[PDB]
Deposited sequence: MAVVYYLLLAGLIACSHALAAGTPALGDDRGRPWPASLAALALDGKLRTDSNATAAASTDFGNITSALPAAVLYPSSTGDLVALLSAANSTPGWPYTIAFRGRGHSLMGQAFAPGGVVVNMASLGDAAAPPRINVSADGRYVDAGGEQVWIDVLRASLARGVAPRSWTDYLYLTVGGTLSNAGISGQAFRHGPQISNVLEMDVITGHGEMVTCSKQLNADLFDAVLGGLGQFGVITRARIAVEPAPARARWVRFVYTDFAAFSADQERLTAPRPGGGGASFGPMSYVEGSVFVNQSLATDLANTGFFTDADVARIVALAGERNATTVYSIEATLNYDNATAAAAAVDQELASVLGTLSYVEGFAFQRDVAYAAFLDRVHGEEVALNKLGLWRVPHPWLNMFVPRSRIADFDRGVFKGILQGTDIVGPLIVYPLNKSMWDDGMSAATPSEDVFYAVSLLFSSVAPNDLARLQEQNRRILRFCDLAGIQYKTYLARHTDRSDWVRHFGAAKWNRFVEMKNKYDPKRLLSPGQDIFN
């Protein structure tokens, strides 16, 4: 039925393209790839899967395949090429509401396109990812975090409603008011319960510009205290975005230059500072203020901080240019063949009470004396802005840190071993971290990830919405 319409492809080129991801570490060939022209095609697949005894195929939903460890694969199954839903010129897959208070976006749509459509109506989503070439459905199946999340929550806290087709092949509209169980399950739900075909995203009046600062520290305690100050509830302070980065001594000049923020003269000044202080690690807060009034507002906030005097660095850019900053980084790295490489990324949420310990063991310990390529990102988040009824798992403390160690790769085995060593350190130290963007490979690890109560809920939702255990098998939770 679908295959004859050219939609279900089994040819080598189709299966090969759906067999690798951004991680570039694991691969798994699907039996077939669906190229749906409409949500009707997805209903048809899931309905067939639901109603057919001896249905052979697991089903994954490939967004843009930005997964690190095969989460978007369907080994010997069917991968849905979600992008196909956006092929047709009409009808539009992104609709800003009549009053401009939300934007409807297809699950397959990339956030960069949501941005552009929103800005055309003078509005924009409030909560982002660092990198915009990711799908709406993909980030919402994880959490979606960036420097705005401290004050607006992750992207999953900025969804009004969704259309989801479940593993039963039923199209369901869900929200806090209707089918809330599915709504909560799908958000951070790792593609386990159904496919998001549309999500209603909160927007705000679009700021025109961002004053964009980097502040330099040699002292982790000062660096982290200041991040916590900037992101503390008052309602929040003036900063629109707060992240941070870590720079190890061995690759200091190189890693500073690789931010794309510091000029060569800037780098030289920071290298000189680290030298005089014999610092093994340098830290930088990255913050923005969306908008002479800016000058005074910025001066007032900076006055509350304790970065090294002389080491505030400023840029002033269009809001959209700030948001899409990493696109330029990809273009540059790709030209040098340094983008499409293995990415043994380590991402976790570390409770505030143990972040100094993590710094001691990892940044001042394990990572020392290595050539680091890729950003090491660290910044606090506020639990209050997360909904613990949703599937996403976070640490128990009111404040926890996003720690994203974005290693680019004989190097791969070394980096993989290093990541195991970091996790070993955390476990031995009794740090109650949660992984993010990682898949686990046995039951006990997944149960630990969610905790007993949330796991049991996760299973209840799985039985309700995907009883055959077909969906997103690359997460290795039920497969």
**Ranges missing from the model, given as deposited sequence positions** = 1 to 39, 274 to 279, 337 to 343, 462 to 464
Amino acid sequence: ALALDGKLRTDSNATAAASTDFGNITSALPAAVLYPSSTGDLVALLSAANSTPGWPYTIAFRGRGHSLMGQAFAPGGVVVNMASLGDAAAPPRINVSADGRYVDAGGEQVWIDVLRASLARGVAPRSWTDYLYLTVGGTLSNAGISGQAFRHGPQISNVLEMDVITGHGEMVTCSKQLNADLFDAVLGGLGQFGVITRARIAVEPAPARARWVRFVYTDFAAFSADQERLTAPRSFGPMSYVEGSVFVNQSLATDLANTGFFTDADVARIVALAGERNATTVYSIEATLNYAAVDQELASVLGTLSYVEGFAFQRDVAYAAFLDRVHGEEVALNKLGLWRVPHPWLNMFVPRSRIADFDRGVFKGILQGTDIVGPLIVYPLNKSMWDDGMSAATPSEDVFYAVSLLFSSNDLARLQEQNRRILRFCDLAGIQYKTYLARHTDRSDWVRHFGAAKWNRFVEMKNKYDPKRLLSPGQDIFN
From here on, numbers count along this sequence of modelled residues.
**Complete:** Stretch with higher mean Cα temperature factor, 321 to 329 vs 106 to 114, is 321 to 329
**Message:** If you average the CA temperature factors as listed in the entry, which stretch comes out higher, 174 to 182 or 265 to 273?
**Reply:** 265 to 273
**Asked** Per the entry, which of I165, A279, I377, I355 tops the list for Cα B factor?
**Response** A279
**Asked** Looking at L406, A83, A253, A199, which has the highest CA B-factor as recorded?
**Response** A253
**Message:** Quick check on the deposited entry: does the C-alpha B-factor of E243 sit in the lowest, middle or highest third of its chain?
**Reply:** lowest
**Request:** Pull the Cα B-factor of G144 out of the PDB entry and bin it into the chain's lowest, middle or highest third.
**Result:** lowest
**Message:** Please say which third, lowest, middle or highest, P30 falls into when its CA temperature factor is compared across its chain.
**Reply:** middle
**Prompt:** Based on the entry's values, in what third of the chain does the Cα temperature factor of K434 lie: lowest, middle or highest?
**Reply:** lowest
**Message:** Can you tell me whether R315 has a C-alpha B-factor in the lowest, middle or highest third compared with the other modelled residues of the same chain?
**Reply:** highest
